[PDB]
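Visitor: Provided herewith is a single structure, encoded as structure tokens, for subsequent inquiry.
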Amino acid sequence: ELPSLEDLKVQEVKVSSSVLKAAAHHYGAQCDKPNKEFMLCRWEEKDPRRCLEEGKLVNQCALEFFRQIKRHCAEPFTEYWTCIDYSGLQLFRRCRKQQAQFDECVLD
Amino acid sequence: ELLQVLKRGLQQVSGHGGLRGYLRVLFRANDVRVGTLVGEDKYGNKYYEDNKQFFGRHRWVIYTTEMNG
Amino acid sequence: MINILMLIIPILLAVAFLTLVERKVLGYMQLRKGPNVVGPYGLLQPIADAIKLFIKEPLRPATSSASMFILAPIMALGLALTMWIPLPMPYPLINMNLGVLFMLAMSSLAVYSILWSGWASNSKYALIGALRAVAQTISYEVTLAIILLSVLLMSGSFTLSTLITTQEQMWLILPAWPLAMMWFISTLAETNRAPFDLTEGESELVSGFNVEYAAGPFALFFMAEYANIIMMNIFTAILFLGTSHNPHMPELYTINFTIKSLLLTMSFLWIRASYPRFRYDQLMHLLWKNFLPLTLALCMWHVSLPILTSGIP
Amino acid sequence: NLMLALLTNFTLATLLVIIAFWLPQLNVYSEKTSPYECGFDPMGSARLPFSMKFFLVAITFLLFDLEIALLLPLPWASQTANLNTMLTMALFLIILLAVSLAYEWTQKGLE
Amino acid sequence: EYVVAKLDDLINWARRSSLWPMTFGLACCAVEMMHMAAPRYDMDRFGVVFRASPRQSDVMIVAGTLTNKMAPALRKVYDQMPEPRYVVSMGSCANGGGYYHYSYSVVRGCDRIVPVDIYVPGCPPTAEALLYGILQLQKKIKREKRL
Amino acid sequence: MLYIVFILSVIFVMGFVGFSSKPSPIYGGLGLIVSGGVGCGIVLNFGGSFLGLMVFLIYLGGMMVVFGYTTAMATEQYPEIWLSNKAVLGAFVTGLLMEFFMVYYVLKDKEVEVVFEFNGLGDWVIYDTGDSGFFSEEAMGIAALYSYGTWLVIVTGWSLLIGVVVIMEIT
Amino acid sequence: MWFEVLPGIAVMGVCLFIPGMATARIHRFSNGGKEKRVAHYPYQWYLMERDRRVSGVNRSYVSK
Amino acid sequence: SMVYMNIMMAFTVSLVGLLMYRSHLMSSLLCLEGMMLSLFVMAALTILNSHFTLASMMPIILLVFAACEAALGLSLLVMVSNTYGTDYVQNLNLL
Amino acid sequence: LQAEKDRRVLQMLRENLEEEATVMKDXXXXXXXXXXXXXXXXXXXXXXXXXXXXXXXXXXXXXXXXXXX
Amino acid sequence: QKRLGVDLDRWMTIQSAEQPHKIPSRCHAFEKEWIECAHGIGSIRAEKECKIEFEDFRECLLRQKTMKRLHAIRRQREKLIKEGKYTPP
Amino acid sequence: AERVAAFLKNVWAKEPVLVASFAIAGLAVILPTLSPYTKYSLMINXXXXXXXXXXXXXXXXXXXXXXXXXXXXXXXXXXX
Ligand SMILES: NC(=O)c1ccc[n+]([C@@H]2O[C@H](COP(=O)([O-])OP(=O)(O)OC[C@H]3O[C@@H](n4cnc5c(N)ncnc54)[C@H](OP(=O)(O)O)[C@@H]3O)[C@@H](O)[C@H]2O)c1
Ligand code: SF4
């Protein structure tokens, strides 16, 4: 069958917690070029074994995305993150008042 | 109108007995009401009267505890 | 799991404390004093019936049947008390993939309690009260699903969680004006304490699912039959009432939800005292002949509305 | 769990029957009767057909209940598919049900 | 010792609390038996709830005249009652014929058919006097099960 | 404990024996509730709450119509218990040997079957479906549709018109 | 009089009040943050499964 | 594969049930809905495992037609009792 | 979606090590080429093959409609 | 069909068609091969050329080829008791 | 009037619920064809994506850009 290497792709992969990813839809706008090329590779060639090299760049850019938010305007990001987990899965409902504190700091 | 209705209930509990007296007229007695009393009766009956309320009614009256044996 | 056990024992008490309201409100409706002697306002009498009917009352039927009969009060409680689980509330016990489908299926399964009580006595006297209970329920199951569909297409999907969020500004009584009036009648499909009702009360015929049963099974039937009345009252307060949601404070929802349901809880006992029984034949003529063309015309109307003006979840 | 939620309610319900079954016991005489409710000896022993009266109206329910089940897509299906193509088909099932009930008006039955 | 003695009174408290009557529409006594449901003299949820059906009820009130045509009918109804049962024969007909007694059809005193615990003597049984028929019933229930 | 559907499938066949071994349409009527209701759980565990609870809506409602002819027409003579008759119990005792003796071969190794296919164990393989879809998930998640099968809507509408008119001619 | 009726309503304002509060206030002990996650469809189910897998280990739903 | 073998075994018992007749005619109409119940479970598992989405509409159509025959046969049961007294497989005139 | 494929690859490598450990002496199992005769598309189908051992992890992964937390 | 439909079509019958919304079949990878092999008349009538692709299609829905393979692994793990045991998980 | 006004009041007198069964159900067919708002509801129904977006290879294409906020294809802007 020929399986992938035991070393695996992307060192220290994925974020530590869920919902955190769902709270920020800005990942669609920023860093899309590595994401879309992996997407274009995967639909044309259905094998995960062939387009894992492009998938390495997706996870590497994912770590670069979260580190920028942790450096500048971290306190409005944490307050928005605690708001979404307090409720069930409203995603954008009720937390729109605390969403005003967010984005405005990021706009700087 | 609403203030006088709540005050009428509080005055009824304050007039007859007090704290321990009101509980005796609630747990043992079915309906609690205060007014005029005749007083004098054999064994120890209370016998209350002179109340308006409704037609064919002459207050609580009440039964005595341990009448003969 | 603790939540299920905290939804049977306090709920059985609500069916117990119903017996007060069943003759206190109904009493003042008939200008007579209800519970008074037993407790401070007769409050010790509802809990006294549990000591009265179970511990001391012993009957089992004569000619009887085999395993069935005693199977029926198990079917009475074990299908009507399970109805509390899919309820949305502030927060539901295991939120269903589709909400109202489980509510409609188990309600029709709860009808079997009065059905298996027909074969409780092999004698023909009991099954007349069962055969009457068939038609007084079988016809009203048609509209119960149709009037639901007109409300469900108006707001969200089958999920009961979405039905709370859809009512943020105004109630669903005002858009569904003739449909809300239908759910004072269609709710009384199950054998409930009402004027429309079914073959359960005495009045003219012998008492259905009571003449065959004892005290102990017969006592278990009332703990299920009156339980369905609260269930329909809550279910109307979800589909037609709402007022506010508030996910942050559950305290503001729990008080406001109970008042809306309690006003409806009085309303069925208001119906019970006021009006006579509709007769076996003529209840089949209220619906089917007269109300079914009306509900389907409104069902036709509620199909067009999301297409006319955008209304898709 | 759905299984643990349903069984705990069912086991508590059947346990309450046992409490009312074993505690009250003293004597069981040949006293219990077949019909009860009104009294006297049962003239109609065991079982007899009776039947009729509602035979047509009951049958129609079995026929109608399938259509209401086929109406259940309406709030759940109309999300991805085109509305203009659906409008002609969704109403079509409701229209024909009124036609069947219109044929039910010309002699409904004994009920 | 003390818990056992008080538990027997707790079971007897349930019969002291509530007892469901039977609507024996037997004679004129049954009309005054309907006056127990009438508001002016009420036992409605004071300790009495009308529901009928001999299988569910605890107390049966024989309300009037019994005949030889009715002697087999009432007997098995008493047998259809749960074992803790009380019979209140209300009226002179229930106690041995109002007049009658020396008549051909009327059975004398109900006690020939079914045993009675509490007697009410009143022809037109005044609702005032009828109230004892349930209040004395509760007072008579004192002790059950010693061993 | 690992098996969820397999234990329910035993109860499914259990109610089905009370059909070949005729127990009258009251004890045999119970089968459509007992094995029918558990039969919904077989559908529910695989997925799709709609089609799983769709069995509850008709096979209980339509059974009430059947119940409208259990206390009617023919069967009202004797209850006829499946534990009393010698001709009935003989079919049940051989009926249980068609089910319970089969489970004896399931435990340890693959079970012996009349068909060519082997049963094996299959605990994790019982689901045999990956996650794949997320938003608007499940094939049963968007099951019923008026689109694509437009011809199927017309004939179903026709067949439910025919019956109402036809039964009127019979009666 | 309503002074007899209102204790019949007030006793219902305690027993029927329980199932609402008992479901909500139990989320403090069961989960960290007084919330039980809604499942519905596999998308929301997968988010819970990866949360329990990622450094929460034993806990089903946990922040960070 | 594994789950299919149990519901196929339930089909065979209901197959015999439609071919076995004793006294009443009511057993057949239970088995008609019984056999359709066993086919419905078989259809539900086959379509959902190897996902179809389009063909998951098909058992819903099948479930409609499942009681289409059952309603007509149950209405035919009514008219036999009117001509005779009680519906019996044992009681027939035609040769 | 990458997180799905990251887990599926790691599960495959765990299965490859288990097959080599169990089969060594008498039994014939190559594991190469796999079951499919096509060997060009190579479908994942990690539901029946995924997790060969440990009951607690397998039961949670298989059931989603059941329990539904 | 004894008589076929012209102009108007009432298809949506065969596997791997235009999906209900967008969701594809679980066996869609093997479904595509069967249409590509049997589009010509002299393939299914011959039933020899498409024998390779039909056997791969049998593996998808029934999973019988994978069932007997996974049965051998689970049996050997149960057979080896108290002698040679490994548990990486 | 022969049947427009003369026969309509006869339905109101005997069995008046029959009037509502024809009028409300009748308007449910006429309104979705003539009213100029029905086409807007289908537009949002097609715009709402259920499945994930698919990337296509670009080789001389018009109205196609990056995922970032730019004028590409069409993009829904019908009422806010
Ligand atoms: N098996 C038979 O049928 C059989 C065969 C051969 C001979 N016999 C003879 O026939 C007689 C049948 O009588 P039985 O057994 O039918 O009577 P039983 O049912 O035992 O009834 C006797 C009653 O007397 C009371 N009693 C007796 N001893 C008591 C004590 N020490 N303290 C308080 N109360 C007491 C009991 O009241 P409590 O329940 O309130 O204590 C009980 O209700 C026997 O005496 C026997 O010699 C019987
Ligand atoms: S005792 Fe008097 S009132 Fe009672 S039934 Fe006899 S005659 Fe009538």
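Each chain in the structure tokens gets a letter, A, B and so on, in the order shown; residues start at 1 in every chain, and ligands are counted from 1 in the order they appear.
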Using only C-alpha atoms, determine which residues of chain C fall within 8 Å of chain F; present them as JSON, numbers by chain.

Guide: {"C": [97, 98, 101, 102, 104, 105, 108, 109, 122, 127, 131, 134, 138]}

Visitor: Could you give me the residues within 10 Å of ligand 1, counting only C-alpha atoms and all ligand atoms, as JSON, numbers by chain?

Guide: {"E": [144, 145, 146, 147]}

Visitor: Put those residues in a file: C-alpha atoms, as a PDB file, in the first residue's frame.

Guide:
ATOM      1  CA  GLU E 144     -54.809  -1.408  62.867  1.00  0.00           C
ATOM      2  CA  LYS E 145     -52.095  -4.121  63.108  1.00  0.00           C
ATOM      3  CA  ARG E 146     -50.495  -4.744  66.520  1.00  0.00           C
ATOM      4  CA  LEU E 147     -48.197  -7.656  65.572  1.00  0.00           C
TER       5      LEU E 147
END

Visitor: Set the distance at 6 Å and use only C-alpha atoms: which residues neighbour segment 57-70 of chain H once local chain neighbours fewer than 5 positions away are removed? I'd like the list as a PyMOL selection string.

Guide: (chain D and resi 66) or (chain F and resi 143-144) or (chain H and resi 36)

Visitor: Which residues are near ligand 2 in this structure, taking near to mean any atom at most 9 Å from a ligand atom and counting only C-alpha atoms and all ligand atoms? Format them as a PyMOL selection string.

Guide: chain E and resi 26-32+63-65+90-99+121-125

Visitor: Write out, as a JSON list (two decimals), in the first residue's frame, the residues just selected, with N, CA, C and O atoms.

Guide:
[["chain", "number", "residue", "atom", "x", "y", "z"],
["E", 26, "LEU", "N", -80.07, 5.06, 44.86],
["E", 26, "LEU", "CA", -81.03, 4.04, 45.30],
["E", 26, "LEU", "C", -82.40, 4.56, 45.69],
["E", 26, "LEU", "O", -83.39, 3.84, 45.53],
["E", 27, "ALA", "N", -82.47, 5.79, 46.22],
["E", 27, "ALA", "CA", -83.75, 6.41, 46.61],
["E", 27, "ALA", "C", -83.66, 7.94, 46.84],
["E", 27, "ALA", "O", -82.86, 8.61, 46.19],
["E", 28, "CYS", "N", -84.49, 8.47, 47.75],
["E", 28, "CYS", "CA", -84.51, 9.90, 48.08],
["E", 28, "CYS", "C", -83.29, 10.32, 48.88],
["E", 28, "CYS", "O", -82.87, 11.48, 48.83],
["E", 29, "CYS", "N", -82.74, 9.37, 49.64],
["E", 29, "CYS", "CA", -81.49, 9.55, 50.38],
["E", 29, "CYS", "C", -80.31, 9.94, 49.48],
["E", 29, "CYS", "O", -79.43, 10.69, 49.89],
["E", 30, "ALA", "N", -80.34, 9.44, 48.24],
["E", 30, "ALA", "CA", -79.34, 9.77, 47.21],
["E", 30, "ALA", "C", -79.36, 11.24, 46.78],
["E", 30, "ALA", "O", -78.33, 11.77, 46.33],
["E", 31, "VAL", "N", -80.51, 11.90, 46.93],
["E", 31, "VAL", "CA", -80.67, 13.33, 46.63],
["E", 31, "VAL", "C", -79.95, 14.18, 47.69],
["E", 31, "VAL", "O", -79.27, 15.15, 47.35],
["E", 32, "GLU", "N", -80.10, 13.80, 48.96],
["E", 32, "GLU", "CA", -79.34, 14.42, 50.06],
["E", 32, "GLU", "C", -77.86, 14.02, 50.05],
["E", 32, "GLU", "O", -77.02, 14.75, 50.57],
["E", 63, "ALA", "N", -77.54, 4.40, 49.93],
["E", 63, "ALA", "CA", -78.42, 5.57, 50.01],
["E", 63, "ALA", "C", -79.87, 5.24, 49.66],
["E", 63, "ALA", "O", -80.39, 5.67, 48.63],
["E", 64, "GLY", "N", -80.52, 4.48, 50.54],
["E", 64, "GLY", "CA", -81.96, 4.25, 50.45],
["E", 64, "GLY", "C", -82.44, 2.82, 50.54],
["E", 64, "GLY", "O", -81.81, 1.98, 51.18],
["E", 65, "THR", "N", -83.57, 2.57, 49.88],
["E", 65, "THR", "CA", -84.30, 1.31, 49.96],
["E", 65, "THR", "C", -83.64, 0.22, 49.12],
["E", 65, "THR", "O", -83.29, 0.44, 47.95],
["E", 90, "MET", "N", -77.16, 4.99, 55.32],
["E", 90, "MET", "CA", -77.76, 6.28, 55.62],
["E", 90, "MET", "C", -79.26, 6.27, 55.32],
["E", 90, "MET", "O", -79.67, 5.99, 54.19],
["E", 91, "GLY", "N", -80.05, 6.60, 56.34],
["E", 91, "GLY", "CA", -81.50, 6.65, 56.23],
["E", 91, "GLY", "C", -82.20, 5.50, 56.92],
["E", 91, "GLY", "O", -81.59, 4.46, 57.19],
["E", 92, "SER", "N", -83.49, 5.69, 57.19],
["E", 92, "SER", "CA", -84.34, 4.68, 57.83],
["E", 92, "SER", "C", -84.58, 3.45, 56.95],
["E", 92, "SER", "O", -84.75, 2.35, 57.47],
["E", 93, "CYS", "N", -84.58, 3.65, 55.63],
["E", 93, "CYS", "CA", -84.63, 2.55, 54.66],
["E", 93, "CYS", "C", -83.39, 1.68, 54.73],
["E", 93, "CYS", "O", -83.47, 0.45, 54.62],
["E", 94, "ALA", "N", -82.24, 2.33, 54.91],
["E", 94, "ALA", "CA", -80.95, 1.65, 55.06],
["E", 94, "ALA", "C", -80.80, 0.98, 56.43],
["E", 94, "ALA", "O", -79.97, 0.08, 56.59],
["E", 95, "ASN", "N", -81.61, 1.41, 57.40],
["E", 95, "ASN", "CA", -81.58, 0.87, 58.76],
["E", 95, "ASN", "C", -82.66, -0.18, 59.04],
["E", 95, "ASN", "O", -82.62, -0.86, 60.07],
["E", 96, "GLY", "N", -83.63, -0.31, 58.13],
["E", 96, "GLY", "CA", -84.68, -1.32, 58.24],
["E", 96, "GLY", "C", -86.01, -0.93, 57.65],
["E", 96, "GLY", "O", -87.06, -1.28, 58.21],
["E", 97, "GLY", "N", -85.98, -0.22, 56.53],
["E", 97, "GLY", "CA", -87.19, 0.28, 55.88],
["E", 97, "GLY", "C", -87.72, 1.52, 56.57],
["E", 97, "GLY", "O", -87.88, 1.54, 57.79],
["E", 98, "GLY", "N", -87.96, 2.57, 55.77],
["E", 98, "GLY", "CA", -88.58, 3.81, 56.25],
["E", 98, "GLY", "C", -89.93, 3.51, 56.87],
["E", 98, "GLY", "O", -90.09, 3.60, 58.09],
["E", 99, "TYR", "N", -90.88, 3.15, 56.02],
["E", 99, "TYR", "CA", -92.08, 2.45, 56.43],
["E", 99, "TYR", "C", -91.74, 0.99, 56.23],
["E", 99, "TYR", "O", -90.93, 0.43, 56.98],
["E", 121, "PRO", "N", -79.44, 7.68, 61.05],
["E", 121, "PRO", "CA", -80.87, 7.39, 61.24],
["E", 121, "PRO", "C", -81.84, 8.25, 60.42],
["E", 121, "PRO", "O", -83.00, 7.86, 60.25],
["E", 122, "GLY", "N", -81.36, 9.39, 59.92],
["E", 122, "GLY", "CA", -82.21, 10.41, 59.31],
["E", 122, "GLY", "C", -82.90, 10.09, 58.00],
["E", 122, "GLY", "O", -82.25, 9.83, 56.99],
["E", 123, "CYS", "N", -84.23, 10.07, 58.04],
["E", 123, "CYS", "CA", -85.09, 10.18, 56.86],
["E", 123, "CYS", "C", -85.22, 11.70, 56.62],
["E", 123, "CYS", "O", -85.27, 12.46, 57.60],
["E", 124, "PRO", "N", -85.36, 12.14, 55.35],
["E", 124, "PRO", "CA", -84.56, 13.25, 54.84],
["E", 124, "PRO", "C", -83.27, 13.49, 55.64],
["E", 124, "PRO", "O", -83.26, 14.34, 56.54],
["E", 125, "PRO", "N", -82.20, 12.73, 55.34],
["E", 125, "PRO", "CA", -80.94, 12.84, 56.07],
["E", 125, "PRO", "C", -80.32, 14.22, 55.89],
["E", 125, "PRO", "O", -79.62, 14.48, 54.91]]

Visitor: Neighbouring residues of segment 12-29 of chain G were defined as those with any atom within 6 Å, considering only C-alpha atoms; residues of the same chain fewer than 3 positions away were excluded. Please report them as a PyMOL selection string.

Guide: (chain C and resi 7+10+14+254) or (chain G and resi 9+34-35)

Visitor: Return as a list in words the residues belonging to chain G that are within 12 Å of chain F, counting only C-alpha atoms.

Guide: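 Every residue of chain G that passes the 12 Å test is in residues 39, 40, 41, 42, 43, 44, 45, 46, 47 and 49 of chain G.
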
Visitor: Selection from above, N, CA and C atoms, as an mmCIF file, in the first residue's frame, can you write it?

Guide:
data_model
loop_
_atom_site.group_PDB
_atom_site.id
_atom_site.type_symbol
_atom_site.label_atom_id
_atom_site.label_comp_id
_atom_site.auth_asym_id
_atom_site.auth_seq_id
_atom_site.Cartn_x
_atom_site.Cartn_y
_atom_site.Cartn_z
ATOM 1 N N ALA G 39 -24.936 19.055 20.168
ATOM 2 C CA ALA G 39 -24.392 18.120 19.179
ATOM 3 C C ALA G 39 -24.939 18.328 17.762
ATOM 4 N N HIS G 40 -26.253 18.141 17.599
ATOM 5 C CA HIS G 40 -26.968 18.202 16.305
ATOM 6 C C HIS G 40 -26.369 17.343 15.174
ATOM 7 N N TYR G 41 -25.354 17.878 14.494
ATOM 8 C CA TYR G 41 -24.705 17.218 13.354
ATOM 9 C C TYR G 41 -23.178 17.106 13.537
ATOM 10 N N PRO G 42 -22.550 16.026 12.996
ATOM 11 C CA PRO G 42 -21.115 15.690 13.091
ATOM 12 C C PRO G 42 -20.070 16.820 13.107
ATOM 13 N N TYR G 43 -20.379 17.966 12.496
ATOM 14 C CA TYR G 43 -19.494 19.143 12.502
ATOM 15 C C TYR G 43 -19.204 19.644 13.919
ATOM 16 N N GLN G 44 -20.266 19.801 14.707
ATOM 17 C CA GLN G 44 -20.176 20.247 16.100
ATOM 18 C C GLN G 44 -19.693 19.122 17.020
ATOM 19 N N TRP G 45 -19.941 17.878 16.606
ATOM 20 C CA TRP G 45 -19.487 16.681 17.319
ATOM 21 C C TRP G 45 -17.975 16.466 17.196
ATOM 22 N N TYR G 46 -17.424 16.773 16.018
ATOM 23 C CA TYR G 46 -15.984 16.650 15.754
ATOM 24 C C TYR G 46 -15.148 17.647 16.564
ATOM 25 N N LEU G 47 -15.697 18.845 16.775
ATOM 26 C CA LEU G 47 -15.049 19.902 17.563
ATOM 27 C C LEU G 47 -14.888 19.527 19.039
ATOM 28 N N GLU G 49 -14.700 16.259 20.024
ATOM 29 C CA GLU G 49 -13.803 15.098 20.006
ATOM 30 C C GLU G 49 -12.322 15.475 19.930
#
